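**Q** Below: one structure in structure tokens.
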Amino acid sequence: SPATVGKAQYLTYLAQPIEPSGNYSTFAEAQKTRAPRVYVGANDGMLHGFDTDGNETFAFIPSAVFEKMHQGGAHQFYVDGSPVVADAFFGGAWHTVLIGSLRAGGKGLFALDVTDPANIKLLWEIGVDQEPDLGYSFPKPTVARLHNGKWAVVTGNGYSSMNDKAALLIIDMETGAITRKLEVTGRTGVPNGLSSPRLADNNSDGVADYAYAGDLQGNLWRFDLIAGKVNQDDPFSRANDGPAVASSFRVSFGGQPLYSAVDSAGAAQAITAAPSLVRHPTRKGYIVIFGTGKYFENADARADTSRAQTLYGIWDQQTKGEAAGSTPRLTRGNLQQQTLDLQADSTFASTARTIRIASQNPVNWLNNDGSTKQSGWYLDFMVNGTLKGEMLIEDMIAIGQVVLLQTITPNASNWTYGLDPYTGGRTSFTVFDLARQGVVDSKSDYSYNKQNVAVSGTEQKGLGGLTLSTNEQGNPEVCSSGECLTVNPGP
Amino acid sequence: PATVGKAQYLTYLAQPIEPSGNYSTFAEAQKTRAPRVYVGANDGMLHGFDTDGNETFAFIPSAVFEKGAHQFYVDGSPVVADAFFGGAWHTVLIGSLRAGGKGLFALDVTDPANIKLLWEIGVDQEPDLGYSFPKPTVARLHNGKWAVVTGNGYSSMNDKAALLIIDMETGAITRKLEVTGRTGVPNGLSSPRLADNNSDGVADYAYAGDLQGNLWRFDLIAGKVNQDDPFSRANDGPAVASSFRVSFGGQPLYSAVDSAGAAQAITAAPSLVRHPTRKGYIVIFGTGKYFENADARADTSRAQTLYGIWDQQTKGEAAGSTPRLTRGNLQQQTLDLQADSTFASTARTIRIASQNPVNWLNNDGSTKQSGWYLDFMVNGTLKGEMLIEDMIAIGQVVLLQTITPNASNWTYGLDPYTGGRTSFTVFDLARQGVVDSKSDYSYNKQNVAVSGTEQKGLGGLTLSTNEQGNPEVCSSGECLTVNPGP
Ligand SMILES: [Ca+2]
Ligand SMILES: [Ca+2]
């Protein structure tokens with residue numbers, strides 16, 4: 001669903017500088033008249049391209065699925081997943097690609113050239129034969145330009161791979177070759193798999209510099225996608241970009257994860273969704289936001305109410321290309337706790353909704369010496385300690401001064417949240433237009449114990465993930481399913 | 001321009017207009033509405049298509065049964081809008097017989113599956129109704145109802161000019177405000193521009209030009225106004241309709257004449273911009289006409305013009321009169337250069353405009369210059385360039401498109417406060433997706449904003465927003481992201 005192919009994905013001023021040998025403006029112009037298509041994932045790795053008057057246009061069948069031919073709605077919806085579509089440059093030209101996977105049907109990845117709906121081509125297919133550590137590819141891949149001079153599919157190896165290892169896979173966009181496999185150690189002898197990565201570009205040039213990804217073990221890993229040496233003044237320079245830089249890619253912090261997520265009792269919390277990054281308020285480093293949860297196995301269809309899943313905000317203070325041979329080892333104790341303190345039914349204007357209010361505890365980042373005090377925050381997905389097995393499996397959206405996320409609670413029910421990325425708590429401004437006003441105003445606020453407060457969470461209709469768009473008027477909106485909510489990124 | 005998708009308004013702006021209604025429920029219901037595009041066909045004929053150019057609907061006015069560039073304008077372009085009547089919100093479509101006959105019609109296009117005929121108006125209903133080339137405006141009035149406000153059109157029975165206020169629900173002529181121009185000279189009121197000066201969604205004034213070049217203003221408020229809240233809705237009701245009248249005691253705000261003293265027809269609707277002093281408004285209007293066959297030919301004998309006239313009595317004042325003005329009281333602006341250049345990798349032929357300041361007041365508040373003007377000509381070369389399309393004023397810029405028969409389209413982004421070059425880049429001529437220095441031009445070894453650029457003549461001016469929430473002006477064939485100003 002979120003995989004629609006209409007206009008060019010980027011703005012020319014951003015894409016063109018990435019590829020001097022190409023012409024994005026002419027590519028963009030061409031796509032202005034491209035026949036829109038929406039590709040949806042099915043049971044296995046099956047792809048059914050069709051939309052706008054829902055006319056079946058295309059259908060793809062993986063070699064693994066084509067040869068084989070020789071629970072619940074919320075859960076099935078997740079399992080079927082959705083392919084990733086993006087614009088990429090290779091073969092000397094811009095293309096619109098679609099990256100899919102065999103889902104739970106098998107261990108495989110595939111990419112299609114979807115630039116011309118009337119002429120979809122198969123770029124490549126990856127299986128265990130090509131990548132021995134490839135597992136069930138539930139992770140959502142990212143398509144990006146890397147410092148090795150080329151575009152690649154960057155994703156986690158997935159789950160239940162042959163040796164239960166976790167690794168970042170960097171697949172050449174054009175060839176499907178494994179440009180680099182960045183294995184992570186983590187805890188051994190215990191099943192692991194790397195999840196959806198979030199690429200970081202810290203000098204706004206369209207070339208990915210770092211990648212962040214959690215794993216089934218709850219480790220939040222960072223990977224350096226830049227050369228060993230540096231240029232110090234501008235460590236993210238493209239000057240030495242080339243195929244050789246690929247060998248320099250490495251797990252960051254000497255192989256130590258930025259963080260290892262465990263619940264209140266100390267039990268590991270799997271991370272499925274991609275992290276989100278927000279520049280730290282001091283402008284030094286970034287706050288890495290990630291939530292825990294897992295939903296790929298049948299057993300996961302049922303709520304695990306033995307522990308709470310959690311949303312974390314961890315300070316990565318070494319994001320300026322420093323060697324970063326290591327990183328602080330943190331625990332919830334080094335973070336500021338936030339809580340979901342109230343769930344209630346209320347009416348905003350005329351619209352009735354069930355909402356949740358979060359705490360608003362400040363985070364004390366530095367002591368007067370300048371040394372680090374709290375390194376972040378956390379929020380257990382539970383209202384006043386009641387465990388319902390609420391978890392995060394969908395990617396989040398960080399914009400302005402807010403982080404938007406959607407959680408799922410297997411019964412499943414969906415809760416959309418708008419939180420302060422700097423604290424993990426309630427924003428000081430109202431985020432959602434819950435009153436269907438067309439704008440974000442006080443009509444959407446809630447009276448929490450004599451206090452007019454911003455609503456941090458609201459329950460929304462059947463699963464649909466979260467998408468950020470702009471309603472005709474320049475106003476940003478966040479949509480899930482059935483409802484889109486005008487949002488306020490902050491003053 | 002006549003596309004019917006989601007609700008036209010943001011709820012917080014529409015709801016206050018009709019407390020007895022629920023725009024929220026209306027808007028929600030349209031979120032799922034099947035998008036339709038309505039194209040005004042051969043004068044009268046109206047065809048509806050789906051997002052995928054598919055014959056979905058077609059309307060043939062009783063008039064019909066009663067039995068390249070020039071054709072684009074003469075053909076049509078219906079007006080769609082959300083209006084309130086019958087105690088509910090509806091999406092209406094106002095059509096005109098155009099060159100076919102003399103009449104207007106309104107359709108209820110709220111439900112693409114069940115379109116209804118609201119009403120049809122002809123000379124039988126409105127004797128002074130002429131060929132309906134003027135573009136109507138759907139608006140809420142102080143008489144308590146929504147109405148179709150438009151110019152009576154051209155070559156009407158007695159060639160008179162009048163503002164027509166047509167009840168939205170009934171199609172009845174609520175008021176006909178006749179205007180007195182020059183004797184024996186054929187006249188007709190053109191597309192009006194309604195003004196809402198206290199931003200509550202209820203029109204207060206209407207401005208419209210006529211074939212004689214007069215720019216008229218009409219008071220759409222009660223005669224007995226409360227100086228503390230002249231635009232108040234407290235006394236709204238049918239009793240207010242009788243007080244609607246021609247402003248300034250029957251005198252036009254301005255009478256447009258070319259540099260040689262000849263009258264300049266006004267066909268396009270004016271555009272309003274609050275005066276920098278916050279007192280009054282700058283009434284911007286362009287000159288030209290293209291509804292008659294002879295108009296297909298370029299008139300190279302004179303230069304058409306764009307004017308910015310200061311109306312200093314826009315706060316409910318009785319305004320029994322208005323200053324008699326001429327080019328002499330206005331600051332001139334000129335198009336000093338036209339050249340072909342390349343912005344980024346996109347080739348474009350552009351024009352540079354002067355940037356002469358406007359001196360509005362004396363130390364004691366006395367009025368010096370009452371506006372500005374710009375003759376559509378480069379270095380005095382007359383090509384017959386004229387404005388026949390509505391303009392778009394947003395932020396600190398007025399966007400307009402002129403047509404040069406022979407036809408060639410020129411899109412301009414000018415400073416509304418002076419009619420000259422903006423001090424900032426307006427158009428993204430480099431196809432960067434954003435407006436940056438790549439779109440500026442070196443004028444006399446100085447970076448300066450480009451005020452005009454030639455378009456692939458075939459469309460009009462439409463303002464929209466890109467996926468990134470930024471202003472974008474499209475000209476059928478190409479959209480240019482724009483910068484409304486700092
Ligand atoms: Ca970079
Ligand atoms: Ca008003």
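One-based numbering along the chain as shown.
Per the header: X-ray crystallography, 2.1 Å.
Positions of Cβ are set from backbone N, Cα and C atoms, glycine also.
Below, the features straight out of Swiss-Prot:
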type: BINDING; residues: B:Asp196, B:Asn198, B:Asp200, B:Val202, B:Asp204; note: Ca(2+) 2 binding site
**Q** Identify, in sequence order, the residues in the chain of B:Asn198 (Ca(2+) 2 binding site) that are 6 or more apart from it along the sequence and have a CB within less than 8 Å of its CB; answer 'none' if there are none.
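**A** Correct list: B:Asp204, B:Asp229, B:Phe231.
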**Q** Which chain neighbours of the Ca(2+) 2 site, leaving out B:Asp196, B:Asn198, B:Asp200, B:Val202, B:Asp204, have a Cβ atom within 8 Å of the mean position of the site's Cβ atoms?
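**A** Once B:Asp196, B:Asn198, B:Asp200, B:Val202, B:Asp204 are set aside, the remaining close residues are B:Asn197, B:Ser199, B:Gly201, B:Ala203, B:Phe231, B:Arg233.
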**Q** Which chain-mates of B:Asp196 (Ca(2+) 2 binding site) that are at least 6 residues away have a CB under 8 A from its CB, listed by sequence?
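**A** Residues satisfying the criterion: B:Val202, B:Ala203, B:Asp204.
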**Q** Going by a 10 angstroms cut-off between Cβ atoms, which of the binding-site residues B:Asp200, B:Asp204 has the sparsest surroundings?
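**A** With the binding-site residues B:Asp200, B:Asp204, fewest surrounding Cβ atoms within 10 Å: B:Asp200.
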**Q** B:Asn406 and B:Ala407 flank 7 unmodelled residues; Cα separation in Å?
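**A** Between B:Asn406 and B:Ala407, the Cα atoms are separated by 5 Å.
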**Q** Just counting, how many other CB atoms are there within 10 A of the CB of B:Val202 (Ca(2+) 2 binding site)?
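**A** Around the Cβ of B:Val202 (Ca(2+) 2 binding site), 23 other Cβ atoms lie within 10 Å.
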**Q** Across the 11-residue unmodelled segment, how far is the Cα of B:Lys67 from the Cα of B:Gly68, in Å?
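**A** On either side of the break, the Cα atoms lie 25 Å apart.
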